[PDB]
Amino acid sequence: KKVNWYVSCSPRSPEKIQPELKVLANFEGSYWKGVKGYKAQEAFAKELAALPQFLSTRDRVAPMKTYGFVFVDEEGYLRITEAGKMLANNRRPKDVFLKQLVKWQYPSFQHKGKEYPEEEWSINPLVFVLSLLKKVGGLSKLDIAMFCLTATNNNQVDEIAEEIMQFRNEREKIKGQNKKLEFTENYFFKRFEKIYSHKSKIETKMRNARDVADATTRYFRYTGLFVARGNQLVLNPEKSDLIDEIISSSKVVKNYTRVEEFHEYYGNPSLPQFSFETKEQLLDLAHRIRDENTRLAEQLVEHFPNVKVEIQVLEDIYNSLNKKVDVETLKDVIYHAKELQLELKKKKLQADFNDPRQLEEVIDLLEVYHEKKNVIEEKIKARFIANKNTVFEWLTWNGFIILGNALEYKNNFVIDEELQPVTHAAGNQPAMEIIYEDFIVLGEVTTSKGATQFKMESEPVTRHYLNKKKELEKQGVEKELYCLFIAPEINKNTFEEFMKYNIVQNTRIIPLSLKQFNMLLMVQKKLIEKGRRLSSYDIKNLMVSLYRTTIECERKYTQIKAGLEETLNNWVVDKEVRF
Amino acid sequence: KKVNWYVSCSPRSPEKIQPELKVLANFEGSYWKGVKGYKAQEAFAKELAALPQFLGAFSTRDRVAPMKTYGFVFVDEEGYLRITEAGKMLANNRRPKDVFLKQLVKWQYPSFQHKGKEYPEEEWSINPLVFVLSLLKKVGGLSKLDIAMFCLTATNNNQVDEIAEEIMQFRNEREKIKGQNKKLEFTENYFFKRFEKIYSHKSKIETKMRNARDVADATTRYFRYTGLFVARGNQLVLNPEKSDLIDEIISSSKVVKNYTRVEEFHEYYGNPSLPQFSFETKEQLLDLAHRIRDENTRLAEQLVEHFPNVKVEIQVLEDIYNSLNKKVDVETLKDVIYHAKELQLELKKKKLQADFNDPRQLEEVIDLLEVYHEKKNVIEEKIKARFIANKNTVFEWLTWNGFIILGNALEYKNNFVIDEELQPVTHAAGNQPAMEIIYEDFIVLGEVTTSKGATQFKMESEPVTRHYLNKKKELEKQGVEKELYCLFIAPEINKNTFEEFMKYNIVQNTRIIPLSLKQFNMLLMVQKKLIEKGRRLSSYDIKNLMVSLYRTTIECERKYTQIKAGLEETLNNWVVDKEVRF
């Protein structure tokens with residue numbers, strides 16, 4: 001028997017399921033089971049690796065089964081559930097996840113019989129964590145790896161809440177931040193020992209837990225039910241009504257041993273049906289969010305006219321309802337309108353940033369990346385669920401939000417409903433794309449150094465830029481394209497290589513040290529103190545200048561290097577603030 | 001400016017330095033530089049050629065250069081030949097692997113031998129052996145090829161992280177490539193291009209790659225000699241019994257700046273006490289001595305019931321440690337520790353007898369021996385994938401495991417070199433049999449070759465008979481009264497080689513017994529089946545085999561095919577006698 005439930009790491013973040021599932025849907029109706037199925041699994045594996053997204057079958061497909069996107073009918077054919085179809089078509093993907101993860105239970109068709117007896121097992125894991133959080137405050141990745149994976153029954157909420165509360169109480173006693181880690185780590189080894197070389201073996205289970213707890217946080221956050229506060233998973237205050245209804249109507253259905261019958265329920269993305277899902281109530285919910293958005297916008301359009309973008313998009317979303325007023329159209333309007341709200345929140349950060357303490361938090365946090373590896377990991381884990389690399393992307397992006405005037409601040413790393421970081425940008429994408437009135441600036445960041453940096457950033461960066469420019473041409477968008485490449489320490493060979501690309505291949509890649517990126521932030525801080533702020537033109541100008549310097553200066557590493565410092569300081573001084 | 005360091009292949013194996021150095025030390029205080037130097041260098045070359053090792057002058061500067069490179073010797077400001085303290089130790093044959101360990105650790109570029117324009121401080125600051133220690137801590141093992149590709153062209157101690165990085169990636173690229181032949185292509189291609197960036201063009205980069213390979217070989221031999229590294233398969237790894245020493249070596253190593261002036265530099269480099277290690281006090285040397293004792297006592301105690309031939313080592317340990325009843329000084333302790341490790345190594349040879357109770361381990365030696373019936377290219381390929389050593393050395397090694405498996409010897413004396421985990425390094429010298437197996441009341445020399453036909457006759461007739469007659473005179477001389485046999489093993493025994501030994505047996509009173517590889521394995525097969533049944537060969541059974549085969553060689557009709565069939569029958573008789581299933 002098993003004693004933990006798990007969220008697979010294939011992939012670690014949910015948004016990567018969609019492209020694989022889209023490819024898998026093409027094998028619907030293929031023989032899939034045993035030896036007669038080899039030809040299809042083989043053809044799939046292969047058409048799958050051909051994605052830009054990837055440049056063993058049973059291991060990738062398993063999560064898709066587990067979340068009831070797909071199954072194998074009794075006579076051996078691959079089937080795609082209604083939920084799978086919707087996700088493959090990219091229809092309201094986070095709602096599809098929310099509803100599947102809410103119905104997720106043990107036992108199930110995947111996890112039944114011998115290894116999963118009903119004496120031990122009866123749990124909806126997502127809804128467990130929702131109930132559990134109603135008691136405890138939030139749960140770090142380690143809480144979850146420690147305590148939650150091992151829970152096998154919805155009944156164990158209180159027992160497990162209590163036991164966590166005590167672990168917090170026995171840890172408050174241990175003085176020394178160093179000594180607290182020992183206590184925690186030893187408690188971890190012991191608790192798992194009760195439950196599962198002796199020494200090296202339990203440690204490997206503890207490793208596995210920490211991995212699976214990361215994935216868990218990422219999947220649960222993608223639902224919009226949970227968010228991050230600091231390094232703690234907690235409930236989303238905007239979803240209280242829903243979470244309630246979810247806890248109330250939850251259940252472990254007993255009919256899980258026959259594949260067709262089980263998936264008729266578990267594959268159904270309309271289930272569970274919630275109380276507000278009527279035409280009447282969906283209209284109210286659609287209107288309600290329009291009001292929230294109109295409001296947010298209206299409080300911001302004086303100081304920050306770049307919100308006219310969102311305003312126009314809302315008009316476009318809602319205009320559907322002049323054509324159709326059915327349940328389905330309403331759900332799409334509501335989904336899109338919440339995405340658009342999330343865009344509005346990115347623009348509201350612009351306003352939050354008129355507060356020097358808020359602006360300074362980003363500066364100060366960015367500063368941390370000057371410190372040594374060990375101090376980096378420490379101040380991060382204490383403040384964020386996502387790892388340091390992903391947080392650097394997050395922070396830089398906030399930097400561009402500080403500087404203002406973009407029509408869109410397009411993070412390519414994943415964030416949650418409270419704009420907190422989750423997952424880094426995919427290999428085929430820059431970390432962010434900042435879209436202005438008449439130019440576009442890509443953000444490429446890294447924390448890697450020396451020979452390693454060249455390895456890792458040279459080709460990706462130039463390729464992203466060249467791919468992006470191709471796409472603008474294709475779409476006939478006629479804005480200049482720059483790329484700011486930001487690192488705490490830029491490696492000489494990396495720098496020279498982008499220089500080569502700028503003059504030879506006509507890229508506009510501008511390397512700025514972290515120190516230099518920060519000066520921009522401080523510059524904007526001081527402007528705001530004096531009731532002024534950077535314009536779209538100021539940023540354009542800075543980008544044009546620094547690029548000009550890259551192609552016009554003598555082809556000597558320290559020549560260009562000081563040339564950038566030169567152009568930079570020109571622009572700095574120009575804003576007529578000293579220090 | 002040079003881009004690689006190097007271990008000379010003169011000699012390729014480090015144990016051959018000692019006798020040269022001993023001869024060379026006789027020339028201490030001789031003028032050695034330039035034109036007045038000619039007389040001395042020539043007297044030396046001549047004395048050097050007199051050794052058993054150069055029979056079975058030329059450029060000296062090449063014989064002597066490694067002795068300069070490792071700090072055994074130098075030419076002083078006035079141009080006289082001087083032997084450093086390390087050289088003196090090694091000449092006298094005191095703790096020679098320790099001497100080597102210390103000199104190779106201190107060894108650096110740049111140096112007194114390797115300085116100036118060819119070796120600029122901008123590019124060069126490396127201790128080669130300590131670099132490979134560091135590197136291995138990251139990548140686990142390094143094949144010769146690895147060493148050829150990545151290591152010889154490192155010129156700075158700080159390149160470790162970088163080269164580790166680069167290797168892991170190369171291993172990740174290679175691992176994804178499907179198909180053995182295509183893996184080889186990529187490997188050769190990566191190698192080719194890498195060395196192109198560093199140095200008929202194609203054939204010039206390939207000479208460099210070949211050299212790199214050869215130097216990698218000598219490198220692994222010298223490094224293994226130190227005991228710091230052992231072989232696992234065809235990989236050089238760190239010796240896990242040496243974690244602590246390795247870490248201390250890494251921490252305290254350095255490239256000293258005072259290399260330009262000869263006397264000053266050698267006062268450091270020729271000092272066989274440097275570097276001084278933490279445990280090298282009387283107190284901690286005592287603990288180290290006691291700790292090795294306990295290792296030895298333990299392995300001897302888990303053996304002595306079923307393998308009472310470990311009584312030899314038990315007694316020798318006693319003799320070694322009883323020195324400390326008389327003196328406990330740092331020097332006596334270093335000697336005690338040195339010998340007790342040597343003796344530990346003997347205990348491990350006796351432990352193999354126990355490991356071999358496991359039918360799988362036994363069978364591995366049979367199947368490896370079995371590979372030498374294949375074509376030359378199959379042999380090379382199957383041995384390069386499993387050993388650092390060449391297939392000729394590995395054949396001596398397997399034959400010797402063959403004798404361990406048959407059991408009962410007081411001593412299994414490999415004359416070829418093995419490392420601290422008993423893996424093979426270097427074939428036996430031309431003036432020795434490959435092994436000497438010593439029992440209670442008889443001795444068996446083992447001579448083996450992979451050679452065939454006229455080239456086997458040419459190579460073997462005279463050295464085999466000469467080894468036998470040298471050993472026999474030496475026994476008489478020492479009053480050791482045991483009969484002396486030799487088993488001569490080859491995959492295919494040449495008619496003329498055979499008849500030559502038969503001739504020497506009956507005319508010159510040798511006891512040379514040539515067995516085919518096939519017949520050798522048949523013995524091991526027999527002992528295997530005896531073990532399956534709770535039995536095993538005794539010392540008697542072995543003696544009986546040797547005596548009988550010998551008798552057949554001198555008693556049978558003097559026709560080649562008669563004696564050849566006589567051996568088969570005697571062998572089959574002894575096999576039948578053992579009552580096993582063939």
# chains A, B, ... in the order shown; residues from 1 in each chain; ligands from 1

$ interface_residues --of "chain A" --to "chain B" --cutoff "12 Å" --atoms "only C-alpha atoms" --output "PyMOL selection string"
chain A and resi 449-453+455

$ atom_distance --atom1 "atom CA of residue B:103" --atom2 "atom CA of residue B:231"
21.2 Å

$ closest_residue --among "B:345, B:198, B:337, B:388" --to "residue B:421" --atoms "only C-alpha atoms"
B:345

$ residues_around --residues "residue A:431" --least-positions-apart "5" --cutoff "6 Å" --atoms "only C-alpha atoms" --output "compact mmCIF listing (two decimals) with N, CA, C and O atoms, in the first residue's frame"
# COMPACT_ATOMS: atom_id res chain seq x y z
N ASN A 412 6.19 36.59 -19.10
CA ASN A 412 6.05 35.26 -19.70
C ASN A 412 6.24 34.15 -18.69
O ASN A 412 5.98 32.97 -18.99
N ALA A 425 9.66 31.61 -17.15
CA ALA A 425 9.35 31.59 -18.59
C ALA A 425 9.91 30.34 -19.25
O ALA A 425 10.97 29.85 -18.86
N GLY A 443 12.78 41.68 -21.94
CA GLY A 443 13.58 41.58 -20.70
C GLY A 443 14.12 40.20 -20.68
O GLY A 443 13.38 39.22 -20.82
N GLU A 444 15.43 40.08 -20.57
CA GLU A 444 16.05 38.79 -20.46
C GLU A 444 16.88 38.93 -19.23
O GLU A 444 17.59 39.91 -19.08
